[PDB]
Amino acid sequence: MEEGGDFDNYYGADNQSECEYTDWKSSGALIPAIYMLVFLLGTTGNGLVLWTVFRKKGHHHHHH
(Lines give C-alpha, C1' and ligand atoms only; values in the text may rest on other atoms or scores of the structure.)
Protein backbone atom coordinates (compact mmCIF):
# COMPACT_ATOMS: atom_id res chain seq x y z
CA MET A 1 0.00 0.00 0.00
CA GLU A 2 1.06 3.62 -0.47
CA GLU A 3 1.47 4.91 3.08
CA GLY A 4 4.73 6.33 4.42
CA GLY A 5 6.65 7.45 1.34
CA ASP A 6 10.31 6.90 0.49
CA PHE A 7 13.13 9.46 0.60
CA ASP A 8 11.22 12.73 0.28
CA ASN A 9 13.38 15.38 1.95
CA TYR A 10 15.38 16.89 -0.90
CA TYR A 11 17.34 19.55 0.97
CA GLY A 12 17.85 22.99 -0.56
CA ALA A 13 15.86 25.44 1.56
CA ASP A 14 18.96 27.23 2.83
CA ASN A 15 17.27 30.10 4.67
CA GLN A 16 14.96 29.21 7.57
CA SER A 17 15.70 32.71 8.85
CA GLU A 18 13.40 34.58 11.24
CA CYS A 19 12.84 37.38 8.74
CA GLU A 20 9.77 36.42 6.72
CA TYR A 21 7.28 34.69 9.02
CA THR A 22 6.25 38.27 9.78
CA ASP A 23 5.78 39.61 6.25
CA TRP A 24 4.75 36.24 4.80
CA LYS A 25 1.22 36.58 3.42
CA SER A 26 1.63 40.34 3.05
CA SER A 27 3.68 41.25 -0.02
CA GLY A 28 5.90 38.22 -0.62
CA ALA A 29 8.30 39.41 2.08
CA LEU A 30 10.34 41.09 -0.64
CA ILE A 31 8.77 44.54 -0.99
CA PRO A 32 8.87 45.49 2.75
CA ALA A 33 12.63 44.98 2.81
CA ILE A 34 12.88 47.76 0.23
CA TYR A 35 10.19 49.99 1.73
CA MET A 36 12.37 50.29 4.83
CA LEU A 37 15.64 50.75 2.96
CA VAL A 38 13.95 53.88 1.62
CA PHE A 39 12.38 54.77 4.96
CA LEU A 40 15.15 54.62 7.56
CA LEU A 41 17.17 56.45 4.91
CA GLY A 42 15.13 59.55 5.72
CA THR A 43 14.27 58.74 9.34
CA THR A 44 16.19 56.80 11.98
CA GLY A 45 19.05 59.30 12.07
CA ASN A 46 18.67 61.63 9.09
CA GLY A 47 17.20 65.13 9.19
CA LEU A 48 15.71 64.46 12.62
CA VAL A 49 19.16 64.35 14.21
CA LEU A 50 20.74 67.71 13.42
CA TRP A 51 17.23 68.92 14.23
CA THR A 52 17.41 68.17 17.95
CA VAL A 53 20.79 69.91 17.90
CA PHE A 54 19.51 73.30 16.74
CA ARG A 55 16.65 72.83 19.21
CA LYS A 56 18.60 72.47 22.45
CA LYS A 57 21.27 75.14 22.02
CA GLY A 58 18.60 77.68 21.13
CA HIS A 59 18.09 80.85 23.16
CA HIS A 60 16.34 79.80 26.37
CA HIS A 61 17.48 81.51 29.57
CA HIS A 62 15.11 84.21 28.33
CA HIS A 63 14.24 87.11 30.63
CA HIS A 64 11.75 86.58 33.45
# chains A, B, ... in the order shown; residues from 1 in each chain; ligands from 1
>>> select_by_dssp(residues="stretch 20-56 of chain A", states="helix (DSSP H, G or I)", output="PDB file with N, CA and C atoms, in the first residue's frame")
ATOM      1  N   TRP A  24       5.137  37.335   5.690  1.00  0.00           N
ATOM      2  CA  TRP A  24       4.752  36.244   4.801  1.00  0.00           C
ATOM      3  C   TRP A  24       3.601  36.670   3.891  1.00  0.00           C
ATOM      4  N   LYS A  25       2.389  36.233   4.222  1.00  0.00           N
ATOM      5  CA  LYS A  25       1.219  36.580   3.424  1.00  0.00           C
ATOM      6  C   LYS A  25       0.915  38.071   3.537  1.00  0.00           C
ATOM      7  N   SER A  26       1.811  38.895   3.004  1.00  0.00           N
ATOM      8  CA  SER A  26       1.629  40.341   3.051  1.00  0.00           C
ATOM      9  C   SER A  26       1.995  40.970   1.710  1.00  0.00           C
ATOM     10  N   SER A  27       3.214  40.706   1.253  1.00  0.00           N
ATOM     11  CA  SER A  27       3.677  41.252  -0.018  1.00  0.00           C
ATOM     12  C   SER A  27       4.788  40.386  -0.601  1.00  0.00           C
ATOM     13  N   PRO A  32       8.651  44.804   1.438  1.00  0.00           N
ATOM     14  CA  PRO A  32       8.866  45.495   2.746  1.00  0.00           C
ATOM     15  C   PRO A  32      10.343  45.767   3.014  1.00  0.00           C
ATOM     16  N   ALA A  33      11.196  44.830   2.612  1.00  0.00           N
ATOM     17  CA  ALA A  33      12.632  44.981   2.813  1.00  0.00           C
ATOM     18  C   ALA A  33      13.142  46.230   2.100  1.00  0.00           C
ATOM     19  N   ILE A  34      12.486  46.585   0.999  1.00  0.00           N
ATOM     20  CA  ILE A  34      12.879  47.761   0.232  1.00  0.00           C
ATOM     21  C   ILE A  34      12.201  49.011   0.785  1.00  0.00           C
ATOM     22  N   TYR A  35      10.941  48.866   1.181  1.00  0.00           N
ATOM     23  CA  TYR A  35      10.189  49.991   1.727  1.00  0.00           C
ATOM     24  C   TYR A  35      10.949  50.630   2.885  1.00  0.00           C
ATOM     25  N   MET A  36      11.603  49.798   3.688  1.00  0.00           N
ATOM     26  CA  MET A  36      12.366  50.292   4.828  1.00  0.00           C
ATOM     27  C   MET A  36      13.670  50.929   4.363  1.00  0.00           C
ATOM     28  N   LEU A  37      14.379  50.235   3.478  1.00  0.00           N
ATOM     29  CA  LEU A  37      15.642  50.746   2.962  1.00  0.00           C
ATOM     30  C   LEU A  37      15.471  52.180   2.471  1.00  0.00           C
ATOM     31  N   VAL A  49      18.033  64.249  13.294  1.00  0.00           N
ATOM     32  CA  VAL A  49      19.163  64.346  14.212  1.00  0.00           C
ATOM     33  C   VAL A  49      19.593  65.799  14.380  1.00  0.00           C
ATOM     34  N   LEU A  50      20.278  66.330  13.371  1.00  0.00           N
ATOM     35  CA  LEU A  50      20.742  67.712  13.420  1.00  0.00           C
ATOM     36  C   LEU A  50      19.614  68.639  13.862  1.00  0.00           C
ATOM     37  N   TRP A  51      18.388  68.127  13.830  1.00  0.00           N
ATOM     38  CA  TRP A  51      17.230  68.918  14.231  1.00  0.00           C
ATOM     39  C   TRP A  51      17.238  69.153  15.738  1.00  0.00           C
ATOM     40  N   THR A  52      17.384  68.074  16.500  1.00  0.00           N
ATOM     41  CA  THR A  52      17.405  68.175  17.954  1.00  0.00           C
ATOM     42  C   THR A  52      18.583  69.029  18.414  1.00  0.00           C
ATOM     43  N   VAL A  53      19.602  69.126  17.568  1.00  0.00           N
ATOM     44  CA  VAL A  53      20.785  69.913  17.897  1.00  0.00           C
ATOM     45  C   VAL A  53      20.452  71.402  17.924  1.00  0.00           C
ATOM     46  N   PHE A  54      19.872  71.894  16.835  1.00  0.00           N
ATOM     47  CA  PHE A  54      19.510  73.304  16.744  1.00  0.00           C
ATOM     48  C   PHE A  54      18.209  73.575  17.496  1.00  0.00           C
ATOM     49  N   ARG A  55      17.868  72.678  18.421  1.00  0.00           N
ATOM     50  CA  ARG A  55      16.647  72.826  19.208  1.00  0.00           C
ATOM     51  C   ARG A  55      16.964  72.861  20.699  1.00  0.00           C
ATOM     52  N   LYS A  56      18.187  72.476  21.052  1.00  0.00           N
ATOM     53  CA  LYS A  56      18.599  72.471  22.452  1.00  0.00           C
ATOM     54  C   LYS A  56      19.482  73.677  22.754  1.00  0.00           C
TER      55      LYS A  56
END
>>> atom_distance(atom1="atom CA of residue A:22", atom2="atom CA of residue A:9")
25.2 Å
>>> decode(residues="stretch 38-53 of chain A", atoms="N, CA and C atoms", output="PDB file, in the first residue's frame")
ATOM      1  N   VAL A  38      14.243  52.531   2.104  1.00  0.00           N
ATOM      2  CA  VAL A  38      13.955  53.875   1.621  1.00  0.00           C
ATOM      3  C   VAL A  38      13.347  54.722   2.733  1.00  0.00           C
ATOM      4  N   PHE A  39      12.974  54.069   3.830  1.00  0.00           N
ATOM      5  CA  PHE A  39      12.380  54.771   4.961  1.00  0.00           C
ATOM      6  C   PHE A  39      13.461  55.240   5.928  1.00  0.00           C
ATOM      7  N   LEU A  40      14.096  54.289   6.607  1.00  0.00           N
ATOM      8  CA  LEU A  40      15.148  54.619   7.562  1.00  0.00           C
ATOM      9  C   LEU A  40      16.153  55.585   6.940  1.00  0.00           C
ATOM     10  N   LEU A  41      16.248  55.565   5.615  1.00  0.00           N
ATOM     11  CA  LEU A  41      17.173  56.447   4.911  1.00  0.00           C
ATOM     12  C   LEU A  41      16.842  57.908   5.200  1.00  0.00           C
ATOM     13  N   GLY A  42      15.563  58.185   5.434  1.00  0.00           N
ATOM     14  CA  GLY A  42      15.127  59.546   5.720  1.00  0.00           C
ATOM     15  C   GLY A  42      14.905  59.746   7.215  1.00  0.00           C
ATOM     16  N   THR A  43      14.517  58.675   7.900  1.00  0.00           N
ATOM     17  CA  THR A  43      14.273  58.744   9.336  1.00  0.00           C
ATOM     18  C   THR A  43      15.452  58.161  10.108  1.00  0.00           C
ATOM     19  N   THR A  44      15.147  57.412  11.163  1.00  0.00           N
ATOM     20  CA  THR A  44      16.189  56.800  11.981  1.00  0.00           C
ATOM     21  C   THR A  44      17.144  57.862  12.518  1.00  0.00           C
ATOM     22  N   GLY A  45      18.078  58.290  11.674  1.00  0.00           N
ATOM     23  CA  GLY A  45      19.047  59.304  12.074  1.00  0.00           C
ATOM     24  C   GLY A  45      19.429  60.185  10.890  1.00  0.00           C
ATOM     25  N   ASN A  46      18.425  60.767  10.243  1.00  0.00           N
ATOM     26  CA  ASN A  46      18.668  61.631   9.093  1.00  0.00           C
ATOM     27  C   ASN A  46      17.634  62.750   9.035  1.00  0.00           C
ATOM     28  N   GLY A  47      18.092  63.983   9.226  1.00  0.00           N
ATOM     29  CA  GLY A  47      17.197  65.134   9.193  1.00  0.00           C
ATOM     30  C   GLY A  47      16.599  65.399  10.570  1.00  0.00           C
ATOM     31  N   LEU A  48      16.290  64.327  11.291  1.00  0.00           N
ATOM     32  CA  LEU A  48      15.711  64.457  12.624  1.00  0.00           C
ATOM     33  C   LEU A  48      16.809  64.603  13.672  1.00  0.00           C
ATOM     34  N   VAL A  49      18.033  64.249  13.294  1.00  0.00           N
ATOM     35  CA  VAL A  49      19.163  64.346  14.212  1.00  0.00           C
ATOM     36  C   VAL A  49      19.593  65.799  14.380  1.00  0.00           C
ATOM     37  N   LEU A  50      20.278  66.330  13.371  1.00  0.00           N
ATOM     38  CA  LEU A  50      20.742  67.712  13.420  1.00  0.00           C
ATOM     39  C   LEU A  50      19.614  68.639  13.862  1.00  0.00           C
ATOM     40  N   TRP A  51      18.388  68.127  13.830  1.00  0.00           N
ATOM     41  CA  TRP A  51      17.230  68.918  14.231  1.00  0.00           C
ATOM     42  C   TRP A  51      17.238  69.153  15.738  1.00  0.00           C
ATOM     43  N   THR A  52      17.384  68.074  16.500  1.00  0.00           N
ATOM     44  CA  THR A  52      17.405  68.175  17.954  1.00  0.00           C
ATOM     45  C   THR A  52      18.583  69.029  18.414  1.00  0.00           C
ATOM     46  N   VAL A  53      19.602  69.126  17.568  1.00  0.00           N
ATOM     47  CA  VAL A  53      20.785  69.913  17.897  1.00  0.00           C
ATOM     48  C   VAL A  53      20.452  71.402  17.924  1.00  0.00           C
TER      49      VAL A  53
END
